[PDB]
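For this one, two forms of the same chain are given in structure tokens, first as structure 1 and then as structure 2.
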Structure 1
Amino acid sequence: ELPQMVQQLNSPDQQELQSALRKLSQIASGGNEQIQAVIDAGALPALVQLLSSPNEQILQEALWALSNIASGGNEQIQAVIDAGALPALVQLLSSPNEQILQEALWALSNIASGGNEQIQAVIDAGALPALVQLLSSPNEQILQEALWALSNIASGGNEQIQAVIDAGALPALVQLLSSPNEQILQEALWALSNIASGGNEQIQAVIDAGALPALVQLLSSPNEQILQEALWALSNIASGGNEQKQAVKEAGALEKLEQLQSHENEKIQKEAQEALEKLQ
């Protein structure tokens, strides 16, 4: 069944290629055991070749198939990496095709949905410069995918968090907290809080970027999720040293946090107290 499809991916017949591609994608969309069967049949080197196709139909299916493969476990993400997917996927971030870019961004975010070793592979391939450029996009849909992918990069270890910092993502994220669009705020703050999960060097890079004045302002937000996410970043930068703890105190958070203690939503009531006790 599968060896016969993997073989057809080399076929000069575009109907044969597309039919097997459409079959492999639907078979890989399924279970994690199914993803392995597709891997083992050698579909991966064949799929990576197709990422270079000028044919949008065969490229769209190939991308779907790879993002569905990278939907699996940590060492199946590694197979996608070892096959050499990343450079082709990073190449596609310069695409004017909104659908191709959406698929390529999805696949990269799914590859970044694994362990630090996998997350580093994405960084190593050079995804971050392209990702940061996309935060300056006027497309709210492109912005979301780029912010999703970045948040997944910034989920990893300190080496991966500092990578995002060194990629100059923070000024862009800070500039995005001044957005009137509450849905952009949700995604920018989410990525920013992941940067804020790091060590003292990383906590300080966030502080130096002018993040605190925007976060302290957002603590008086009428959106329960944006207010919750501001707390997220603060309680995360509170984890850092007394030198950092002080910068937070002189941001004016102290009173806003003292007020938040008495909230209608008991979820942010504890999220504020945990931030307070880790500050003094």
Structure 2
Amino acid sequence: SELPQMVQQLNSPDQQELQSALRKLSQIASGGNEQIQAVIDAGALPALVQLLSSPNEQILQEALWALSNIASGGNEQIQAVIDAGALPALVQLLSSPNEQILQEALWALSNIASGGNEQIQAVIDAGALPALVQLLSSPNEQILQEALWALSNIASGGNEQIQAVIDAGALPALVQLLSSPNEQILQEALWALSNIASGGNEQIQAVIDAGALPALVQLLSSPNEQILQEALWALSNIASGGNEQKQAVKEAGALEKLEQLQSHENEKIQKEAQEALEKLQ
């Protein structure tokens, strides 16, 4: 019952009133899907979308936090953000040289792409992929992580969504990231590959053709169980393909490593290695 008044304050020409309202709204939206629905129902979306045109970085940042938090809701709540017309203005911020704005725009986009296939396709259709793929070359590890989240989310969809990621040229950069000494960035690259390889055989074969298998097989020898798990999930997904895909996995030397991992003390590792080994007969 205070929400409608907060939403009206988003138009106040008093920047203190505006910012107080915006900070309250963003944080109510962080409190679960019912609180998100209350913010939507109070009419916040059109005002928040208008704020994506603001040249005031303080307003824009908090507007982005609010939209990100709404987009942490259910798929139809995400769709409300898309229907309010946010995506072009949001995607355009991936050109920003302001790292705070870029980071916050990426979170918002990544959350939208965590929706269902209609929500993901909207992000693709808004033109985000070339930018996201270029940010895989960023020397800023925060930005790089966030781009990998967004891309992983996009690649969590169906085969058409996956294929748009592949067609944007993500695979060579993802495979290059497999040699990173940054264990955080490595695992995010493996997540992206392990979503792409959960597609159909054409998507799996793209992962193979980009040269992922030698690096994944090397990573089966990692002493870091977090890395090993992620590499095993990726390789197991590839092994779920057709006989051409299975053969490529065998040719890369995976069988001998997987046989070794069958008795691993970590149960999650052992189970996925067993499952992978069975897929390959």
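Structure 1's sequence is the ruler for residue numbers, which start at 1. Rigid core: the largest C-alpha set superposing within 1.5 Å between the two forms.
S.K.: With the core lined up, does the C-alpha of residue 257 move 2 Å or more between structure 1 and structure 2?
M.R.: No, the C-alpha position differs by under 2 Å between structure 1 and structure 2.
S.K.: Using a rigid core superposition, assess whether residue 231 undergoes a CA shift of 2 Å or more between structure 1 and structure 2.
M.R.: No; that C-alpha moves by less than 2 Å between structure 1 and structure 2.
S.K.: With both forms fitted on the core, check whether the Cα of residue 275 differs by 2 Å or more between structure 1 and structure 2.
M.R.: No, because once the rigid core is superposed, the C-alpha of residue 275 moves less than 2 Å between structure 1 and structure 2.
S.K.: For residue 114, tell me the Cα shift between structure 1 and structure 2 once the rigid core is superposed, in Å to one decimal.
M.R.: With the rigid core fitted, the alpha carbon of residue 114 is displaced 0.8 Å between structure 1 and structure 2.
S.K.: Rigid core superposed, I'd like the Cα shift of residue 64 between structure 1 and structure 2 in Å.
M.R.: That residue's C-alpha sits 1.3 Å away in the other form.
S.K.: What's the distance in angstrom the Cα of residue 36 travels between structure 1 and structure 2, core superposed?
M.R.: Residue 36 C-alpha displacement between structure 1 and structure 2, core-aligned: 2.1 Å.
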